[PDB]
Structure formats: structure tokens, C-alpha cells
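In the text below, chain A, chain B and the rest are named by the order of the sequence lines, each starting its count at 1. Hydrogens, waters and symmetry mates play no part in the numbers below; they use all other heavy atoms, side chains included.
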Amino acid sequence: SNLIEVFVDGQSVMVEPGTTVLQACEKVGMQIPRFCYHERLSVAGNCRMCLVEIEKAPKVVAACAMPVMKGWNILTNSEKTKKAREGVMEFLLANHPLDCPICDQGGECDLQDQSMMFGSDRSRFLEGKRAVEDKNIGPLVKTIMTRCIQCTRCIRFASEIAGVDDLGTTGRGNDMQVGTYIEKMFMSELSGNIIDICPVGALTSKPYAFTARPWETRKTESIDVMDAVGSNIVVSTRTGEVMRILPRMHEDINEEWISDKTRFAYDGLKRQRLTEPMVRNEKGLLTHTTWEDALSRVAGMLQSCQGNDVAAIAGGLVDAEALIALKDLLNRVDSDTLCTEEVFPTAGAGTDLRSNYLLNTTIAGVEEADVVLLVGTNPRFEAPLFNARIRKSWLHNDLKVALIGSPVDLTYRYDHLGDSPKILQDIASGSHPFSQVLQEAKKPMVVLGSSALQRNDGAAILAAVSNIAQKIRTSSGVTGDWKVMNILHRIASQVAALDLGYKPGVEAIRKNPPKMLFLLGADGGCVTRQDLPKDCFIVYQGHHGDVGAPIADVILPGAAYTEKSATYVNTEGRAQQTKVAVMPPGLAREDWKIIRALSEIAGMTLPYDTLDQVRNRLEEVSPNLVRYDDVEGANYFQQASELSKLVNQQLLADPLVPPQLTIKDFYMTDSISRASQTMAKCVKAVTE
Amino acid sequence: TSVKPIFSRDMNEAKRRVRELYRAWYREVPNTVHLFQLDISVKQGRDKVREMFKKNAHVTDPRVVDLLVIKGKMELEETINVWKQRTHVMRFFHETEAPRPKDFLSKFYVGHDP
Amino acid sequence: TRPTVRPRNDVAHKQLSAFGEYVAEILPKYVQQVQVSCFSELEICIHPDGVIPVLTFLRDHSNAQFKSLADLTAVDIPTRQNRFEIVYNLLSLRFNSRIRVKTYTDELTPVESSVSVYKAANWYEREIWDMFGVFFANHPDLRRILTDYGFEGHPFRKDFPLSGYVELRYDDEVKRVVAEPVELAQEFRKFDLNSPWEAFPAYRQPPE
Amino acid sequence: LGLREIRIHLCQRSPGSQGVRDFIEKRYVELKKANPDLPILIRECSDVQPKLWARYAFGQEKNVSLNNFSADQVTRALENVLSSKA
Amino acid sequence: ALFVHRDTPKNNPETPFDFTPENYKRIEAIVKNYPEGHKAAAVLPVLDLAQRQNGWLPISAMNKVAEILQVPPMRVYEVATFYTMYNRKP
Amino acid sequence: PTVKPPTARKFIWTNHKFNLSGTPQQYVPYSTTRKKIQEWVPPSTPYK
Amino acid sequence: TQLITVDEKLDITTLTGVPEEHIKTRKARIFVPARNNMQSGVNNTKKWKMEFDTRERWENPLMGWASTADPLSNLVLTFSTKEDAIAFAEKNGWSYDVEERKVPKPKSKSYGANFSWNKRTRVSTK
Amino acid sequence: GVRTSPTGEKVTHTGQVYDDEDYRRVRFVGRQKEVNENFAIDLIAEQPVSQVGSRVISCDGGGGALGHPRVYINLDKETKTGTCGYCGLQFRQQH
Ligand code: SF4
Ligand code: SF4
Ligand code: FES
Ligand SMILES: [K+]
Ligand SMILES: [Zn+2]
């Protein structure tokens with residue numbers, strides 16, 4: 001190997017060439033203090049906190065920027081390293097405001113903590129401090145710029161990960177101000193993450209502001225459900241109430257970021273909530289009732305159904321436990337009409353093979369691709385951290401990105417081939433100039449958006465995209481372990497609903513409209529009472545009254561994603577489980593508990609009592625749904641592509657337009673975001 | 001897997017000690033009903049003794065049942081020597097505690113506990 | 001480092017190191033470790049089969065004469081398979097010194113009672129029975145000493161919750177103090193206080 | 001009353017699933033062309049023993065272990081499942 | 001002495017500013033001094049050229065330099081506030 | 001306070017009250033916070 | 001001999017005094033806690049923790065305080081390795097699930113990469 | 001600055017008042033709901049804005065060490081005053 005030997009405090013360690021002093025100290029388990037270094041941002045070297053003594057060298061080096069030379073003895077605890085740390089901490093705390101009681105960073109402040117650990121205990125600054133004008137960069141990030149220590153993680157994040165280039169430093173010297181220089185509103189899809197990386201309380205969360213304090217919060221590790229990325233989060237609660245949502249580090253998903261809907265839609269989780277069971281009275285109005293009466297009135301109608309008399313629509317926020325619960329409940333009635341709101345085309349292979357509805361490459365495998373083709377999607381808003389991973393590969397691997405669709409902003413530059421779907425017939429024939437690019441690329445990656453599959457020619461689009469992927473993989477320089485065909489989902493419930501064998505889309509209910517309809521959280525408005533017969537018995541089961549609940553006959557108040565231990569499968573097939581952060585409010589219950597109690601009232605009691613037994617059933621239907629943080633590889637692209645060649649569906653003349661063109665359309669997609677006042681302020685802030 | 005024993009080298013000596021502790025409790029129940037002037041019968045107290053012995057009846061480790069016999073002897077010494085009051089004897093009879101929901105449906109009705 | 005720093009006592013450190021070597025070589029059958037802290041406290045970490053021979057030595061040997069048992073202590077450390085750490089603090093009035101004798105047990109292995117060496121231990125290890133569940137073999141009257149008479153559970157074990165599992169109240173129906181499962185009107189608020197930064201680099205453990 | 005779905009669990013790499021893999025590479029397509037409205041859910045996983053689940057009407061599920069079969073034995077077990085419908 | 005901007009009626013992004021065509025020929029001469037792919041290197045002369053045509057820099061000369069060089073406007077605001085010759089006031 | 005008077009404030013009570021426990025003017029505790037979860041109000045029109 | 005051979009599984013559940021409701025209906029979570037993303041320090045990610053599933057917290061009718069009925073709601077245990085936590089949960093009869101330790105993968109850093117001649121990784125400002 | 005609900009109950013300075021159908025009003029039957037009638041939000045609005053001749057002002061709340069920690073307030077915005085984050089006093093540059 002080419003590993004060089006260096007020394008940290010006399011201890012030998014073998015490091016790769018190019019490894020910094022800080023990373024060599026990290027490999028022996030020592031963390032150097034830092035303010036401007038961030039391992040997912042570019043090296044700046046402008047806070048000077050990481051200055052460390054290399055011995056036999058009469059000058060400290062910035063450990064975040066200096067590469068190790070062979071034979072260096074890094075002295076992380078020597079006298080002049082500690083003197084450097086105390087001097088730099090003294091200059092950081094000279095003009096810093098005495099705001100620690102009224103600052104939201106107190107208790108979780110880097111500046112506080114490593115002033116306690118590495119700086120002195122007292123002041124010599126006998127002067128008046130500076131004070132900086134605050135900025136209005138939007139309704140999400142409160143900005144108090146006197147607390148700024150000018151570490152420029154703002155600017156590097158907005159430039160390199162968010163791809164915005166609208167933050168910067170104006171002025172010079174001690175009057176150097178981080179800002180936008182103008183009244184500009186920093187509303188990216190990843191705009192709240194600067195609250196994370198700001199080491200001080202200069203950038204705080206405006207919705208979290210003043211309400212809590214970090215030591216008293218309980219940290220429940222959980223999963224995002226706002227899209228099909230499956231971002232690992234920390235729901236921090238305090239005395240039975242959700243305070244905020246932080247990211248967890250997962251290197252293969254969301255590296256340590258989350259989106260703004262994920263970070264700030266939790267205030268919709270305490271508005272418009274379903275807390276008690278409701279039934280229709282003699283006036284046809286919803287009135288509160290008990291669980292006995294509501295489950296009896298649902299089960300009395302369920303016993304009178306058989307076959308296609310009962311159907312069910314799954315919403316976008318339903319865990320795998322409630323999905324297999326309602327599947328077994330309708331299979332006791334011998335009903336196979338179980339649908340989702342999001343249309344996936346059943347033509348050809350359908351949902352039989354997993355490979356034709358997954359992000360088969362991975363979220364991580366974007367780092368290994370060299371050409372990414374995006375069809376019919378706006379991945380900036382449909383899956384914002386998938387787009388952030390594409391931008392990271394764009395920036396570091398010189399990734400070539402092409403897009404077939406409307407020319408949206410993706411925060412990086414791509415090749416816009418056009419919006420008509422017939423380009424998919426031109427790349428699959430070789431007449432188009434991008435087809436040679438796909439032939440000469442070693443790791444191509446073709447990502448079809450699941451929002452483009454909502455069109456009436458979704459089978460034709462999926463057939464064309466699969467034809468392109470198999471024209472590449474069976475002929476060009478693909479190894480065989482590399483996956484080319486990919487589908488990006490936008491719905492947390494969708495992949496788990498397809499692994500359990502639902503029929504995607506509501507065309508099976510439009511075929512024969514039943515006299516009884518379950519709505520597990522169905523709020524897309526896909527099926528309204530004009531599609532049903534004269535007195536259909538609609539049962540809404542969910543946690544918000546948004547769309548499906550005003551038309552329901554019996555309302556079953558359910559649990560939300562922070563309120564249940566619950567399996568969700570992301571767009572790449574990785575199964576993940578939330579944990580209970582708080583309990584559901586009022587008389588609301590966990591969702592499969594409701595379906596199982598309904599089964600016991602109906603006399604068709606499902607063979608599970610506990611959550612582990614539901615997960616045993618869930619393993620029986622497909623065993624990948626219980627192997628958590630694991631991406632099971634799905635083979636058999638060739639058989640799905642052979643089945644797709646059977647029925648030639650025609651491509652429509654409509655251009656591929658994603659349903660989310662601007663930041664306006666991002667903030668409200670599901671029932672939690674539509675109930676969110678913070679998301680309403682985001683929409684009103686971007687529409688003005 | 002070579003462990004130091006407490007009293008019993010195997011499970012048969014352990015069952016001997018369990019049996020002698022049960023004999024001592026069985027003899028003690030009428031005196032306990034009398035001098036603590038309880039409201040239960042002697043048969044009901046012997047039922048509670050049998051219930052508490054059958055509660056631990058699945059243990060296969062000699063050291064664990066040696067500690068169970070030691071703790072039963074300690075509770076017996078606290079009962080014979082009148083160190084417990086009436087309340088400590090009556091804590092085996094969870095009488096003021098309302099009966100918990102046992103099936104799925106009533107636990108669904110009352111709350112969130114599995 | 002004069003005014004605010006504790007003055008280091010090097011003479012006591014050297015003397016307790018010499019006596020720790022002395023005890024480690026007189027009794028190599030049971031002595032596992034010998035350490036002296038930076039504030040000059042000697043610890044003899046022994047095997048639990050040598051509770052009586054080591055403590056009888058330190059009590060009776062003419063160079064030790066640790067005639068007083070200051071304190072007897074257990075510590076629950078659940079990450080060790082021998083989770084209980086039995087601590088014997090001893091005082092020699094002749095040589096004006098203190099020693100610490102430390103051993104270990106799990107939930108099921110009995111420790112030999114040291115009432116034959118120090119009668120002071122008669123209640124202390126009795127309390128180690130009540131608070132930790134460590135059984136002491138050949139104790140004269142081993143039973144509970146601090147808990148209530150019907151108390152299930154060994155409270156100073158670290159898997160025992162702060163509030164217990166039961167709480168008392170008077171009940172006027174049965175005319176009796178009764179025990180019920182504990183419901184707090186205000187939950188104890190767990191504070192996560194630990195800083196994410198390393199405080200003491202001298203105590204840095206080697207990573208995996 | 002009749003077969004409603006088929007579930008075939010298998011492994012990507014285990015040799016005990018190999019014949020099942022040999023079934024899907026060769027004989028699944030003309031199976032699916034023979035049964036266009038029958039959902040045959042192929043589920044690969046990491047360390048599972050091979051398995052054929054047959055859900056029938058009114059929630060009835062039969063369960064066949066496809067472990068260490070050849071592709072002919074998987075074909076015969078699956079056509080017994082298709083011909084039973086009980 | 002302020003390093004933020006506030007839109008006044010005499011200094012806003014709708015303040016009239018554009019280069020004369022001879023200033024465009026000078027801008028082309030400036031941009032051809034730097035390598036291809038590094039057109040941003042012409043931010044400092046061209047902006048100063050906008051100070052020579054106008055006498056001072058409103059926030060329409062900064063935005064025009066940002067437009068004709070294909071650089072983000074914040075990166076021109078940084079250069080205009082960093083350097084002491086650029087008059088951000090008349 | 002005749003020699004050294006207390007410092008006057010606009011919020012200091014002009015009328016000192018004694019211990020009011022056991023009277024109708026005694027202190028009664030309550031939660032000074034508002035409601036946390038908002039409930040869904042169903043529409044007052046029928047669904048037909 | 002003075003040593004007996006017990007080939008059984010270590011089980012102390014009859015000796016801990018924990019009631020049955022809090023042995024067989026609890027799910028222990030064994031995990032290394034995630035780094036608080038408000039901060040760059042990693043000293044809270046060095047040990048394994050054991051916690052339990054959060055039970056019901058409700059509002060006190062008098063004061064609005066958080067009333068609980070879960071005794072194990074604050075029980076957080078610290079373990080040096082994963083196997084010590086697994087052995088402690090198996091010894092106590094707790095049904096557990098283990099999340100593996102997520103380490104940050106080694107990044108490739110270069111200060112000179114901020115000023116490349118021809119790559120996209122140039123910083124537009126510094 | 002206390003107001004009253006239609007139930008006859010004084011709304012506190014937080015904004016807390018029980019609903020009409022809330023049973024927890026029964027704790028005030030025959031007793032009283034103790035509110036403080038000196039609302040700090042209504043009293044800090046009554047203070048005059050200090051016109052100072054500087055660009056950065058310092059506030060400690062008055063009294064020296066008997067106030068809050070000494071903070072520095074920038075007064076560059078002529079649109080809006082500069083408010084102390086502790087005591088709520090506000091400052092305006094006099095030019
Ligand atoms: S940023 Fe940190 S040091 Fe500064 S006021 Fe806030 S808590 Fe204190
Ligand atoms: S606001 Fe925070 S992240 Fe931005 S430069 Fe200042 S200290 Fe750094
Ligand atoms: S961390 Fe290296 S200088 Fe800021
Ligand atoms: K921050
Ligand atoms: Zn003030």
C-alpha cells in the first residue's frame with residue numbers, strides 16, 4: 001500500500017496520502033477542536049481553532065487544512081497547542097454577545113462547550129463589543145448576526161450542497177458581515193440545514209425559537225415519512241410533546257441533512273388532528289363516539305360485504321403494519337381490491353419483480369455513476385436529498401446529468417434534452433446524440449420519476465425507459481453488478497405497499513365501485529363520492545382530517561409517524577422503522593391495532609396480537625420488510641423487460657411536466673404539511 | 001460454565017430446599033391468618049403460597065432457585081417474627097388494584113399498552 | 001500551578017506503591033491488580049476467592065495492621081459480566097494509612113462474608129444484600145436492612161428505576177396502607193447533560 | 001375456492017435457492033404470459049430459505065418449502081399450486 | 001459606511017444603468033485577458049469600468065456585471081464591498 | 001421605612017394582603033399554558 | 001470440586017423484582033446514540049446505550065405536568081460494547097433490537113481542491 | 001391589561017382561559033383564579049424609546065450588576081428600533 005506513517009502524540013498511525021492532520025488525529029480517537037471545518041463542506045481554514053503543534057516545527061499548522069507529511073509527530077495536547085486554542089477562543093469570545101440565556105444554542109453550543117474545554121475561564125477584553133444588524137433571510141431561519149463568528153459554513157453550504165450562491169461576506173476586517181447584502185429570502189429546499197451547521201446561535205430555527213432547551217429534550221431516533229428518501233431523524237420531545245426534528249447521520253441516505261418539510265412540518269402534527277372516533281348522526285353530521293360504537297358500525301357493514309363489495313385505498317403516509325393489517329382484513333372477506341393513490345403501471349411484470357419499481361442503484365450509488373439520466377421528474381422537490389446526492393456527485397465526480405422534461409432548476413447545470421417523451425424513443429433507437437453518451441459511459445444511471453408514471457401512458461414511459469436501460473446494460477460496458485434502471489418514488493408508503501402486493505392506482509375501484517371503502521390516510525382526493533355508488537360506506541382511518549375525513553361515514557383516529565413504531569420502506573427498498581416519540585392524542589390509536597380490533601369485532605380475528613407478530617406476518621409476505629437498514633438487491637431486469645415488450649402502449653403527445661415546478665409547490669404535499677402553519681408561512685413567503 | 005454453587009450442587013438438592021420451604025410456609029399460613037387477624041381464609045392463604053411457588057416453577061438454574069429459597073426463607077422469617085405488619089402480608093393479595101384488561105380488545109379500549 | 005491546583009504528595013505515592021508491591025508479592029494467589037491513584041490511594045484488586053485471606057492478612061500482619069473497616073461498598077457496573085464490584089475501605093491506625101480492597105461478583109456467585117475478619121461488616125454486606133442482591137455466604141443473620149418488608153427488587157442496581165415499581169397509599173375501604181403500581185403526577189425529567197467534547201485527554205481510551 | 005396470489009421467496013446468492021433462481025431466469029416469463037391477472041410476487045432476500053406461498057380465497061394460505069429444489073421441482077410445485085386452487 | 005444594501009428610489013435594481021457600446025468593446029478586451037472557463041476573473045476591472053462610466057456603483061451596475069459575466073450577483077456584491085475604491089454611494 | 005423608605009415602583013402592591021389560605025380569596029393552581037393539540041372540527045353541512 | 005456445571009441459559013428475571021408487565025411487554029433498544037447535529041463533538045457517540053419504548057405521558061389535570069405510569073421511562077443504561085448490552089438484555093428477559101454503529105466514512109479532503117484549474121469543485125468565494 | 005372571557009373568567013397574560021365546557025373551572029367555584037394584572041407586555045410598551053447619538057448602544061437593564069448581562073445593540077436600521085433581548089427597552093439612533 002501507499003500508506004504513510006505519522007504520529008499523533010507519539011502513537012503511530014498509517015494514513016493515506018492527502019489525509020489531513022485532523023483526520024490523522026481522528027484515526028487515533030482524538031477530536032481536534034474546530035469551528036469552520038466541516039467534513040461535508042470544503043476546507044476553509046479561517047477560524048484557526050484547530051491549530052496544533054507539529055514537533056520540531058516552530059509554527060502551529062491548521063489541522064483541518066494541512067496534509068500530514070511522513071514522520072510528523074502531531075502534539076494534540078502540548079503547551080503551545082493549548083496556548084493557540086486559548087488565544088483563538090479569546091478572540092472568538094471578545095466580540096461575542098453575552099446572550100447565552102436568551103440564545104437558543106445554549107447547552108448545545110459548540111462555542112460554549114469548547115470554550116469550557118479548550119479556552120480559558122475568564123476575560124481580558126476591556127472594550128466595547130461590536131453589534132451587527134440582523135438579517136431577514138426568511139421565515140424558517142431566525143438570524144441574529146451579532147452571535148456570528150464568521151466561520152463561513154453558511155456560504156459553503158449554500159454554495160456547495162444547497163447550490164444557491166446567495167450567501168456571502170460583505171465588508172472587510174472586523175466589519176465583515178455574513179449575509180445576502182440585500183433583502184433576500186433564502187428559501188431553498190435544504191435551507192434549514194444551516195441551522196444545524198452554524199456552530200453558534202447566529203442562525204436558529206424560527207419555529208423552534210425560545211420554546212425548549214437541549215438538555216431537557218428526549219431524543220427518539222426515527223424516520224422521515226415526508227417523501228420516499230427515508231431520512232433518519234431525531235424527534236426531540238419534551239414532557240410528552242414533540243419539540244423539533246433534527247437529522248441523524250446515515251451515510252447512504254441523507255448524509256447528515258434533511259429537507260425543510262422534514263424539519264418544519266411537525267407543527268401540522270398538532271393541528272387538525274383526529275382525536276376521537278366519529279360517526280354520522282341522524283342529521284348526517286359527524287359526531288364523537290366511542291371505539292365500541294364506531295368499530296361495531298364498521299364491522300356490521302364489513303360482514304355484509306363480499307368480493308368486490310369492499311375495497312381500500314392506502315394513503316401516502318401508511319406504515320407496512322397497517323398495510324398488511326388491512327390486506328389480511330379484506331382478504332378475510334375475499335377482497336383483493338386494495339389500492340394506493342399513486343399510480344404505478346401494472347402492465348407487463350408489474351409489481352411482481354422488485355427491480356422495476358426501486359431505486360436499484362442506490363442513493364449511495366449516485367456517487368459511482370458517471371452519467372445520470374432523469375426522466376419526467378423534478379428531483380429537487382420530489383426527493384430533495386436524492387437531488388443533493390446528485391449535486392454532490394456533480395460537484396466531486398464531474399457527473400454528467402441530463403433531464404427529459406420541463407427545464408426546472410435543479411441547483412446545478414444539466415443537459416436539457418427536451419420535454420416530449422418521444423426522445424425516449426430516440427435514445428432507445430440511437431438517433432439522439434445522448435445515446436452515444438449512454439453507450440460510452442461505464443456506470444450509467446436512468447432514473448424515471450414516479451410522478452411521470454401518473455400519466456395515462458405510464459406503462460409506455462416505463463417500457464421506453466426500461467428499453468433504454470436494457471439497450472445499455474446488455475450491450476455497453478456495464479459489468480452486471482451495476483444497476484441502470486431506477487425509479488424515484490415520492491411517497492413513503494408506496495414501496496411498502498408494492499412489496500405487500502397492492503394494486504397501485506385506483507383504476508380497480510373505478511372499474512367496479514364498491515359499497516364499502518376504507519381510506520387508510522387517503523387524502524389525495526383520488527376517489528370522491530361521485531365515483532362511488534349512492535350510499536357507499538366510506539371509512540376514513542388516519543390522523544388528520546384533511547380530504548378523506550369530511551366525506552367519511554365512520555372516522556377511525558389513527559397514529560402519526562411520530563406516534564407509532566412503524567415500518568416504512570424508502571425508494572431504494574430499504575426497510576426502516578420509526579419509534580414512538582409521543583403517544584397519539586385523545587382516543588387515537590395505532591393503526592394496525594385499529595384494524596385488528598375491527599377484525600375481532602367482525603368475527604374475522606387476524607392471527608396477531610403484538611407488534612412483533614405483525615412483523616412476523618410482514619416477514620411472511622416479503623422478508624425484506626423486517627431486515628432494517630438493509631437494501632436487498634433485486635435482480636431480473638431482463639425478465640421484466642421481456643414482459644414489458646408484450647403490450648405496446650402509445651406515448652402521449654403531452655410533454656413531461658412534473659407537478660412541482662417551483663419552491664411554491666414543495667411545501668404542501670401531504671396532510672401533515674397542509675396542516676402546517678410553518679409550511680403555510682413558507683408558501684406565503686415564496687409567493688410574495 | 002463451571003460456576004460456584006450457593007447451596008445446591010444440582011437441581012435435586014434445589015428441589016429438596018424448595019420443598020422444605022413450601023412445607024414451612026404451608027405450616028405457617030394458619031398462624032399468619034390468626035395473629036395478623038386477616039380477613040382471608042387459611043385455604044386462600046395457602047392458595048396464595050401455591051401461586052407464588054408456581055410463579056417461579058420454570059427455573060432450571062440451581063443458583064437461581066437457591067436464591068429464591070433464600071428470599072422465601074427471608075420472607076418467612078419476616079412473617080414468623082412479627083416484623084411485617086398486616087399490610088405487608090396483604091400485599092400478596094392485590095385487592096385495591098383494579099383488574100387489568102387481559103384480552104386485546106379491552107386493552108385497545110383503555111389505551112396504548114400492548 | 002501553586003494556588004488553585006491541589007499539591008501532589010509524592011512521598012505517600014512512593015510509600016503506597018512500595019506497600020502495594022509488598023502485598024502483591026506476599027499474596028500472588030489472589031492479587032490481580034495493584035494501583036495507586038494520583039491523589040495517593042492504594043487499591044488492591046483481588047480475586048473473590050481471597051476475600052478472607054487478604055483481609056485477614058491486612059488486619060493481622062505486623063507491617064499492615066489494618067484494624068479498622070472504614071466502609072464496605074458495592075458498585076453496580078452493568079457492562080461487566082461480573083457487574084458488582086465489592087469495595088473494602090480499610091484503616092491502619094498504627095501506620096496511619098488507608099487501603100482499598102476490591103473484588104467482583106455477578107448476581108449468582110456468592111461472596112464469602114468477612115464477619116470473621118471484621119464484625120463491622122455484619123451490617124454493611126447485609127446492606128449489600130438489600131441494595132444489590134449480592135449474597136454473602138456464611139453470614140450470621142443475612143436479611144434486608146433498609147427496604148420495606150415486602151420489597152421486591154434490589155434498588156441500587158442500575159437497572160432499577162428511580163421511583164420504584166410500587167407506591168403506597170392509605171386505602172379506607174380495606175382500612176389499610178396498600179401498594180399499587182407507581183404513577184407519577186409529574187414524571188422525573190431526565191436531563192441529557194453530557195458534553196459532546198472530550199474533557200480529559202489523559203483518560204482517553206484507545207478506539208476500536 | 002381459487003388461487004389469488006403466489007409469493008416466491010428466495011435468495012440472491014444461496015445455493016439452496018439456485019434452482020429457484022434457475023426457475024425465474026428461464027420459466028417465469030412464459031408463466032406470467034400464461035397468467036396475466038395472477039400476481040406472482042418474486043421476493044429476493046439475503047439469507048432466507050426458499051419458499052412458495054399460495055394465498056387462496058378467503059385468506060387461506062398454503063406453504064411449500066422450495067429448499068434445495070431443481071428448477072424442474074420448482075416448476076412441478078408451482079404447477080401443482082396452479083392446478084389445485086383449493 | 002454600511003455594508004448592507006437598502007433599496008432607495010435612487011439606488012434599486014430598477015435604477016437605469018447600461019454600458020455604452022465602446023464600454024462593451026472594452027469589456028470584451030478585458031474578458032479576453034483571462035483564460036476560457038475563468039470569465040469571473042474579469043469582475044474587478046469591468047465593475048471598475050462601471051465605476052468609470054457612472055462615477056459610482058448602484059445596484060444595477062453590480063447586477064449588470066453579474067449578468068454579462070455569468071457570475072452570481074452575491075459574488076459581485078462581495079467584491080464591491082470588499083474593495084475601497086468602489087463607490088457604493090454617489 | 002419612615003427613615004429609609006422603600007423604593008417606589010408602579011407594580012408594587014399598594015395594599016398588602018395577609019395570608020389568604022382558608023378563605024374564598026386563596027390561591028387555586030392551574031396550568032397557565034394553552035391547548036397543545038388542535039382538534040379537527042368536522043363540517044356542519046351534510047355529506048350528500 | 002467446589003464448582004458446579006450449569007449448562008442453562010442465564011436468566012435472573014425471577015430475582016430482579018421487576019413485574020411481569022415490564023419484562024415481557026417491553027422492547028429494549030440497543031444503540032449508539034446519534035451525534036447531535038447542532039454540534040460537531042463526538043464524545044456522546046462512544047458508548048452503547050440501552051433504552052426502552054416510550055409509553056404514555058399525559059397531562060396532569062391540576063398543573064399540566066407530564067404524568068407518567070412507566071417506571072422504565074428514564075432507564076438509560078451504558079455499555080462498553082454491543083455484546084455486553086445484548087448479554088444484559090438477555091439475562092433480564094428483555095426483548096431487544098440492536099441498531100449497528102454508524103461511523104462517518106472517511107472523507108477525502110484537500111484545501112487545494114478549492115482552486116482547481118478545470119473541476120467544478122472551485123469555490124466561488126472563500 | 002386583563003380582559004375577560006364570556007364565561008366570566010380573566011384571561012392571563014399568557015392567554016390562558018378555560019373553555020366553557022371545560023370541567024376544570026370547578027376548581028375556582030367558591031374560590032378565585034389568581035391572575036396578575038400588571039402585564040409586562042403592556043408595561044414595556046409604555047416606555048419611551050431612548051434617542052441616542054451612537055451607532056451601537058449598550059444595555060445592562062440599569063443598576064449595573066443588578067440588571068441583566070450587558071449586551072450591545074446595533075442601530076443601523078432606521079426603519080425599526082433596536083430592542084434589548086433581555087429587558088425589552090428599545091433604542092433609536094437620533095440621526
Ligand atoms: S452562540 Fe453560544 S456562546 Fe454565543 S450566546 Fe449563544 S449559547 Fe452563548
Ligand atoms: S452565521 Fe453561523 S455558519 Fe454562518 S458564518 Fe456565522 S457562525 Fe458560521
Ligand atoms: S477548523 Fe481548521 S481553521 Fe477553522
Ligand atoms: K445554530
Ligand atoms: Zn436591557
Side-chain angles (χ1 to χ4, degrees), chain A residues 16 18-20 23 31 34 37-40 42-46 64-67 105 108-110 113-114 152 155-156 159-160 165 168-169 195-197 199 214 218-221 232 234 237 239-240 246-251 256 394-396 398 565 579-583 610-612 628-629, chain G residues 24-25 27 29 31-46 49 51-60 64-68 70 73-74 76 95 97-116 118-126:
Chain A
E16 189 177 2
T19 296
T20 62
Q23 290 171 349
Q31 193 183 10
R34 82 284 305 276
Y37 177 71
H38 189 273
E39 64 182 359
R40 302 184 193 276
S42 67
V43 178
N46 60 5
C64 73
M66 179 65 73
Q105 200 66 37
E108 58 185 1
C109 186
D110 275 329
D113 289 341
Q114 62 193 349
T152 69
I155 308 161
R156 290 178 285 164
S159 181
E160 298 168 356
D165 286 327
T169 54
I195 301 162
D196 281 331
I197 52 166
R218 298 176 183 270
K219 272 75 74 177
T220 298
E221 300 184 355
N232 297 338
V234 171
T237 63
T239 65
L246 294 169
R248 284 191 288 127
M249 181 187 73
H250 194 282
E251 290 291 329
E256 67 185 10
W394 184 86
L395 189 68
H396 296 283
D398 199 0
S565 180
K579 298 294 184 180
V580 176
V582 300
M583 283 299 173
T610 62
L611 183 66
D612 293 329
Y628 301 104
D629 200 73
Chain G
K24 292 180 181 179
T25 65
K27 180 64 71 178
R29 181 170 182 263
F31 67 103
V32 175
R35 181 184 59 81
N36 191 1
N37 279 316
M38 290 283 112
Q39 273 168 331
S40 291
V42 300
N43 204 8
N44 286 322
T45 62
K46 299 292 183 182
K49 298 291 181 183
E51 70 183 0
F52 293 96
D53 48 349
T54 67
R55 292 290 178 87
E56 183 182 3
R57 295 178 178 90
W58 63 96
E59 185 178 0
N60 191 9
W65 292 341
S67 299
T68 194
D70 191 7
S73 66
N74 297 318
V76 175
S95 177
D97 54 352
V98 179
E99 290 85 3
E100 295 293 327
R101 184 188 291 274
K102 297 186 188 298
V103 296
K105 68 181 181 180
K107 306 295 186 293
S108 177
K109 292 296 184 181
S110 181
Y111 182 75
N114 297 328
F115 309 107
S116 66
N118 52 5
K119 301 296 188 291
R120 288 167 176 164
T121 180
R122 290 187 67 88
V123 293
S124 65
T125 189
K126 180 176 86 274

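For A:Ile155, the part lying under 4.5 angstrom from a heavy atom of chain G is the side chain only. Both the backbone and the side chain of G:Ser40 come within contact range of chain A, with heavy atoms under 4.5 Å apart. Neither the backbone nor the side chain of G:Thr45 has a heavy atom closer than 4.5 Å to any heavy atom of chain A. No part of A:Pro67 comes within reach of chain G, as not one of its non-hydrogen atoms sits under 4.5 angstrom from that chain. For G:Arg29, the part sitting under 4.5 Å from any heavy atom of chain A is the side chain, from C-beta outward, and nothing else. A:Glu160 touches chain G through its side chain: at least one heavy atom from C-beta onward sits under 4.5 Å away, while N, CA, C and O do not. Using a 4.5 Å cut-off between heavy atoms, A:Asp113 contacts chain G through its side chain alone, with no backbone atom that close. For A:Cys64, no part lies near chain G; criterion is any non-hydrogen pair under 4.5 Å. Looking at G:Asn37, the atoms closer than 4.5 Å to chain A (heavy atoms on both sides) sit in the backbone and in the side chain alike. Both the backbone and the side chain of G:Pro104 come within contact range of chain A, each with at least one heavy atom under 4.5 Å from a heavy atom of that chain. Proximity to chain A (any heavy atom under 4.5 Å) is restricted, for G:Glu99, to the side chain, taken from C-beta onward.
The greatest number of non-hydrogen atom pairs below 4.5 Å with chain A, out of G:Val123, G:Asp97, G:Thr25, G:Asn43, is found for G:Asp97. Among A:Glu108, A:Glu16, A:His38, the residue making the largest number of heavy-atom pairs under 4.5 Å with chain G is A:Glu108. Comparing A:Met66, A:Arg218, A:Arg34 by how many heavy-atom pairs each has under 4.5 Å with chain G, the most go to A:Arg218. Counting heavy-atom pairs closer than 4.5 Å to chain G, the top-ranked of the candidates A:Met583, A:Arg248, A:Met249 is A:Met249. Of the listed residues A:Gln31, A:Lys579, A:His250, A:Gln23, the one with more heavy-atom pairs under 4.5 angstrom with chain G than any other is A:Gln31. Comparing G:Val103, G:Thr68, G:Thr125 by heavy-atom pairs within less than 4.5 Å of chain A, the highest count is held by G:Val103. Ranked by heavy-atom pairs under 4.5 Å with chain A, the first of G:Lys102, G:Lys27, G:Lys109 is G:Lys109. Ranked by heavy-atom pairs under 4.5 Å with chain A, the first of G:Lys126, G:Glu51, G:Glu56, G:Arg57 is G:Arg57. The residue among G:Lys107, G:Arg55, G:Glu100, G:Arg35 with the most heavy atom pairs within less than 4.5 Å of chain A is G:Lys107.
Checked by atom type, the side-chain pair G:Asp53/A:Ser565 shows no donor-acceptor distance below 3.5 Å.
Note that the CH2 atom of A:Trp394 and the OG1 atom of G:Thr121 stand 10.0 Å from one another [nearest 0.5 Å]. Within the model, atoms OG of A:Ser42 and CZ of G:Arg122 stand 12.0 Å from one another, a figure rounded to the nearest 0.5 Å. Here CG of A:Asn232 is found 8.5 Å from CD of A:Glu221. Values are rounded to the nearest 0.5 Å.
Side chains of G:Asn36 and G:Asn44 form no contact here, defined as non-hydrogen atoms less than 4.5 Å apart. A:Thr220 places none of its side-chain heavy atoms less than 4.5 Å from the side chain of A:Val580. Annotation: side chain of G:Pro33 is not in contact with side chain of A:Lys219 (no heavy-atom distance under 4.5 Å). Within the 4.5 Å cutoff, side-chain heavy atoms of A:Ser159 are placed close to those of A:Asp165.
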Give the C-alpha distance, both sets of side-chain angles, the deciding distance and a yes or no for salt bridge (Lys or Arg N to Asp or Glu O under 4.0 Å) between G:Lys119 and A:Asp398.
-> CA-CA 7 Å; G:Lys119 301 296 188 291; A:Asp398 199 0; over 6 Å; no

side-chain contact (heavy atoms from CB on, under 4.5 Å) assessment of A:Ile195 paired with G:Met38 = CA-CA 8 Å; A:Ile195 301 162; G:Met38 290 283 112; 3.9 Å; yes

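Under the 3.5 Å distance criterion, the side-chain polar atoms of G:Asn114 are matched with a main-chain donor or acceptor of A:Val43.
Among residues two or more places apart in sequence or in another chain, the salt bridge (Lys or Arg N to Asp or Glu O under 4.0 Å) test is passed with A:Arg40 by A:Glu251, A:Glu255, A:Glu256.
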